[PDB]
């Protein structure tokens, strides 16, 4: 890890003194879910590039910013654009924001992402609540906590079986009932793979066999660091596509489709997250 405790502190103190905003809930917007930033009131923007020690974006779209403000009663801080392992960032960089959020006073982390559907019941447009995750990179050594542990953040061996807040998931099923939607709020296990290339058929079959319902290349690391911090964690995935499971199919997974699905099912998530804010304690 190239960051010392002081680096986290310095980044927090800098932000704290550059905004009157004191966020309680940190929200990490997934792919095509950055619209959430529009609903924040008294929205103050910060380009990642101007924040000390922040991993400087590469060239996806060169748009990486932190937006503080209020979302339906809650003082938030939103990450529009997240860092992925496939871009070359080590996990201690990818999850650097999470630790900053913690020293800023945040106690809740909401993570969202786009994902391929492994569970055959899922349909494009669906919203899967994350009850658990399978951290494939972590089994091999790619765990954001690798390296010496700093007592100030958490313990050497944090548990993850209770990573996704039971309460918040129940309250989300409610908020969705109040939404009065045709499709029900899906729920399942999110498996993380590094990517960036998409899975082959044999691979989708493996991920299915392992018991995963959705697959993506992010989130798990932020969640582990969050939990290591003491943060309350709640999150969901937007099934942007059904991963190919047979060799007869003549369709391929593509960034085009994923962005399109994020485009249409857009505002639906935005409502759900905004309304969900009320369900979050303080």
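Note that the rigid core is defined as the largest set of C-alphas that superpose within 1.5 Å between two forms. Residue numbers count along the first chain shown, from 1.
Taken in 4 other deposited structures of this protein and fitted on the core, 133-141 and 188-196 differ in how far their Cα atoms move from the shown form, and the one that moves more is 188-196. Larger root-mean-square CA separation from the shown form, computed after a rigid core fit of the structures in 4 other deposited structures of this protein, is seen for 170-178 when 170-178 is set against 98-106. The PDB entry records a higher mean C-alpha B factor for 37-45 than for its counterpart among 235-243 and 37-45.
As the entry records it, the average C-alpha temperature factor is higher for 118-126, out of 118-126 and 207-215. If you compare the C-alpha temperature factors of 29, 220, 253, 26 in the entry, 253 comes out highest. Per the PDB record, 175 has a higher Cα B-factor than any other of 108, 175, 189, 80. Per-chain ranking of the deposited C-alpha B factor places residue 181 in the highest third. Compared with the other modelled residues of the chain, the Cα B-factor recorded for residue 71 ranks in the middle third.
Residue 10: CA B factor lies in the middle third for its chain, per the PDB record. In this PDB entry, the Cα temperature factor of residue 226 sits in the bottom third of its chain's modelled residues, the lowest group. For residue 169, the recorded CA B-factor ranks within the highest third of the chain. Only modelled residues enter the ranking.
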